[PDB]
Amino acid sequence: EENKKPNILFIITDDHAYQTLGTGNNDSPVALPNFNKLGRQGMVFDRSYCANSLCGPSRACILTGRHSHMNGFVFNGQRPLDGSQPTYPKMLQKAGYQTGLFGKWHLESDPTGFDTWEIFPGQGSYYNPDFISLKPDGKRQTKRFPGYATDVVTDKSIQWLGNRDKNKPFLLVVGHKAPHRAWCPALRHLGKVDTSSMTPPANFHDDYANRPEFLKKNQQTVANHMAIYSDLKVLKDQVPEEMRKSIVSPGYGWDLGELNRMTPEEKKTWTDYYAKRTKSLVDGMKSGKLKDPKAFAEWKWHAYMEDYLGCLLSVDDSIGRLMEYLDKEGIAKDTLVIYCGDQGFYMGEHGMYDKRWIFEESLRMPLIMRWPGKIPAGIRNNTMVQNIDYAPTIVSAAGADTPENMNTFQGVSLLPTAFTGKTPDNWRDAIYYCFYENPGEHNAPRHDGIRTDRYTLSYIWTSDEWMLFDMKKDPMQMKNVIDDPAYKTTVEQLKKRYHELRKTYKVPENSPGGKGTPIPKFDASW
């Protein structure tokens, strides 16, 4: 009588832009053959979004199937996630799954619902990573594992799979650091990415005309908010001392902390390679070419892109090893593979890096699923889905969709659209988005809004400014049409829909709050 329950392998990277996902001809600035093969075997979701574009909050939305103001983790703050609330791992654990988590957590409380967990302290490190775990007595320990984080998380994950109770279906969360700042590739990949043929986005030199005034205060531009030695790997002791002031943005001269973690042999391979980029900077300053701020900005983009894409090469290696394991173990047909990035990222669009904004690059999050025989292979899905939907999807796939469990979710199961590749009748017409971390690193504003099929509508609470983009006519989001008479009735209807969604999702009046309010705190609710 019992029906087989599928294993669930959830691979989650950090800050992976959909523009670099590697699934087809137009998102492969570098070739990622294992990403491409996963897509060929499954479904890529091209209208996949987050509800709060920030690392911690996205992971909490994924765990709970609920918006940030409901799960309580609204910013990368020091208020811990309340792990006693409902979460999908606990629901699967209860339903007979063996559950494991390796890598990034950053939710400030011990993981709950995981039989096994070994997590980075915080952000994690690319080189020689530390991991925190409990001993049998319940007490915390921290151990360093030599190697490169993307490889080490994969090693521990495959080792755990081999030692699992094979009579229980597994849930395995593989939480990669990559491609998070400061984008340090594995030594074997240094020099494997040549960006000389690449061109920055058409709006790389965005002056922010026709956008809310607050955008001009953003502190996530490639041109002015990158650390020349840490983000872009320049070797200070190979820069003439007289030239150091001209290459550092004020306050952005910190050291690359990864170098202190490396062995001398590792550091030498690294600095041997980065001497080339450093000489490029020095020669470009001496020639006067990089004294043109726009030219220096493009030079910084090529360094950022090289390192960022270089990090993806080892994520592709990880996907390959994990999928090879499932293949050889004979369990690929009974495993639902989910790949996502916590959120998307700007690859120079609007002159920016990072995320946070409701703008499409960071509202999007890459999402691929594979479940052979259930999810059609090689399909691109244009259905609007969101990270609050992953928990009900997983719980439904696991057969743990009790009324008690499902009643805790604000998202909806994606299985109807993952099984068809099409948009179901009466599918949700809009999603809600809210971002809270102001004041905060990068100075993105507290802002919320909705995304429909065609429009993005947002109120910026910090600056008291409304914005509307018509994605049919302006997909690059360069023209705020909130005050254009052509959109007067559209604005009226969308504002109505925005207040309806705030009411449906139980958003408090005065959240997320303007400059006159503290960043809000919430008790978990469901």
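Residue numbers here begin at 1 and follow the sequence given.
When the C-alpha B-factors of 347 to 355 and 83 to 91 are averaged, 83 to 91 comes out higher. Judged by mean Cα B factor in the deposited record, 501 to 509 ranks above the other of 501 to 509 and 14 to 22.
When the C-alpha B factors of 425, 361, 307, 317 are read from the deposited coordinates, the top value falls at 425. When the C-alpha B factors of 244, 104, 380, 300 are read from the deposited coordinates, the top value falls at 244.
In this PDB entry, the Cα temperature factor of residue 33 sits in the middle third of its chain's modelled residues. Sorting the modelled residues of the chain by their CA temperature factor places residue 516 in the highest third. In the PDB entry, a CA B factor belonging to the highest third of its chain's modelled residues is recorded for residue 96. Sort the modelled residues of the chain by CA B factor and residue 216 lands in the lowest third.
Among all modelled residues in this chain, the alpha-carbon of residue 462 has a temperature factor (C-alpha) in the middle third.
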